[PDB]
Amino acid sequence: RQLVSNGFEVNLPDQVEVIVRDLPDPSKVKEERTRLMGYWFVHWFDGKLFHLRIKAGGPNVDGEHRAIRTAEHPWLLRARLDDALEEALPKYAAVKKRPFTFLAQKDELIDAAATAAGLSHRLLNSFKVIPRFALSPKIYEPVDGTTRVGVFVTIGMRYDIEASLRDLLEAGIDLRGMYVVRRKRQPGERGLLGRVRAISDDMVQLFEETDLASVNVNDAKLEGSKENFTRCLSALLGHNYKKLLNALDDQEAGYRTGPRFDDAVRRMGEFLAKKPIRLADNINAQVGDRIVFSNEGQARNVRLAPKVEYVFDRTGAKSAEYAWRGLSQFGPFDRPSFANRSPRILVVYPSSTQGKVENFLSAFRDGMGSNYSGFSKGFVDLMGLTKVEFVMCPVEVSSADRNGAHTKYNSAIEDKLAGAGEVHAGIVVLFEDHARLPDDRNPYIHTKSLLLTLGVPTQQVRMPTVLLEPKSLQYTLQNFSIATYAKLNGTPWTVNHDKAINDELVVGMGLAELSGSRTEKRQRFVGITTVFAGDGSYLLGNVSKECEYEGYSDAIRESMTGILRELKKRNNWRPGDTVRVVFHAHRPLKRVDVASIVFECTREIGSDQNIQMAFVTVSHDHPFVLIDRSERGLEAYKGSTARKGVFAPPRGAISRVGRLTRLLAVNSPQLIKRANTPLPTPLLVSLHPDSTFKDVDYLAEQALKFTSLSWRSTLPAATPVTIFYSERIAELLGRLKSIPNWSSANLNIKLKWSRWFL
């Protein structure tokens, strides 16, 4: 019963002696840190400046001489550890600080992968993939009431294209439209310069420039994106260049797969544990045992949530460990009541794809047959419908048309619908060359707009998807079918819920950030999604129609109180019943907004019931990882010597980091794709400290179940649907806000029960 972390205990002194002085204006801190540099470690906290002597000798420092006990106030030494870790690795230059981040000294994976693939080119040496390590001192709590500091080791890869732009152009690479960044970024200076128009003298001409429209070939480099790597390498090598990428992926697997990551962390620890770490010239620390999550002793730090159940009726009796297995066997959760058993579906597609579209449609509606067990039955039989009528809407448009495609799609739709009575959904087929045009000429968003205005949800699809090989096509049709049925107001499946309290509501908010280009300030938009407890089941409620970032706290409030009102009427709560409201987002709410939300929900539900509220953040990007040494992994594909998921904790593993924080494992070996896939990073689930409901284990389990609620796919989602759906909504509504002739009027009328955002 044990999970291992990527962290080491740091054994610190009980206490440390310090000088303090009030400094209520923190503008002074920077100049004072400079003045006392080398003799003093300095730290501002709660309107006071704390000074720790590191070397003997001046300057002089005036203040109170107090002792800071590490058990009570671990922040002081946690902070000094940021610098001390750097000073403990003097041969490695910091590429970043706090956390100390640095590069492997010898290791360089493109050279290694080139050799491995037997590939060569004169400029390869100037494309660099270097392992990047970071050491993060973090406060954790083995047991409640006791804090410790750990040093957590993370590994990524620095991708950089050192090559001069002249050398790249002279080697035959078309730099037109590639992004370029500064070779040297001055203090607090913007890296991104813009896009390459052309090169004249010693000078790059930029468009979509961030500052000046020009820069010297020598001050600029290609940005280290995957786009610029593939663009350069395909030109210099292709289409062998894939093989270089696959060998590069093998090289990285040497650092990031479970056993290899565990080893790199061990080796890092061994190194740091070699000597004491100098906190000051008379004060030392020591890197100790690897931090573990277990229930040995007084610690209760790891549990395994039960497997999520996909449920397909109200009786609980029809359930399955996996969405598709369940859907196939049972059909959808709502088939007994599903009102519209003969849907009419508008199919909008370029006239020249007619044949390819008809085949796709036949496979969709009528299934692919018993040779493709992944999608045999087809939509009609899969969902328990009587039939699907297609209303074909060819459009006279070519893939080469970049400027009028959206006009052509929309005229065709309007013309076809005027004669064709009521359609219940649409399928819109798009050319790959049109998919990501700017929104003023983008047929996805324009047809989405027109049809949602008219109250018709759409499921769009790009031609490469339409043309997929049968083995791939079956999984596509599973997901396309699930979203389509939900777009028609269907509920494909629910997830199991153990009836605890008299009612439970979960609301989530999600963010989208929109601009036409990288030069243009991104504008924020929001979405709000609601999920209610049912009997044995979690049910999706209503979704926001306004996407307003300013005032989002009011919107969360408004949503919660409105819904609490409806739940009380529906369920007729009895005096003494308890109601639980949970909020989910990828960022924490302000204390003042938690206060306002609690205040209002409390008032709305009244004195007859008890309220419990939790405010949860879900984090994907933090310094923790969990390692399960007993997990042997699975066949990457049967029955190969190579394994995938080696050392990956099981899905639903929940580890305790601190009173407010749990780590949740989501991607088990079964869900991992490839032998080369790194050891997964778990979700960090964090409870807002003003929450009145405190069981973060239950909340972590709840977040996990809500990952299995996504009707965008058969496979589970990366974040609970409360947040995920809200993000999809935020992006769609925010984009639509700029599309002429868009009206949200039908979103709460014809589309009220449509999952139109999937």
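One rule holds for the numbers: they count along the sequence shown, beginning at 1. Here, rigid core means the biggest group of C-alpha atoms that superpose within 1.5 Å across both forms.
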More shifted region, core-based fit in 7 other deposited structures of this protein, 683-691 vs 236-244 by CA:
236-244
Which of the two stretches, 414-422 versus 168-176, has its Cα atoms farther on average from this form in 7 other deposited structures of this protein when everything is superposed by the rigid core?
168-176
Mean B factor on CA atoms, stretches 617-625 and 380-388, record says higher is 380-388
Higher avg CA temperature factor (655-663 vs 288-296, as deposited) belongs to 288-296
Reading the B-factor column for Cα atoms of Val143, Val582, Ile597, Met509, the highest value belongs to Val143
Member of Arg185, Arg98, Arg462, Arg267 with the greatest C-alpha B factor (per the PDB record):
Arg185
Ranked against its chain, the third holding the CA B-factor of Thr34:
highest
Ranked against its chain, the third holding the CA B-factor of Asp695
middle
Against its chain's modelled residues, does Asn246's Cα B factor rank lowest, middle or highest third?
highest
Among all modelled residues of this chain, ranked by Cα B factor, put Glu550 in the bottom, middle or top third, i.e. lowest, middle or highest.
middle
Could you place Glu309 in the lowest, middle or highest third of its chain by Cα temperature factor, using the values in the record?
highest
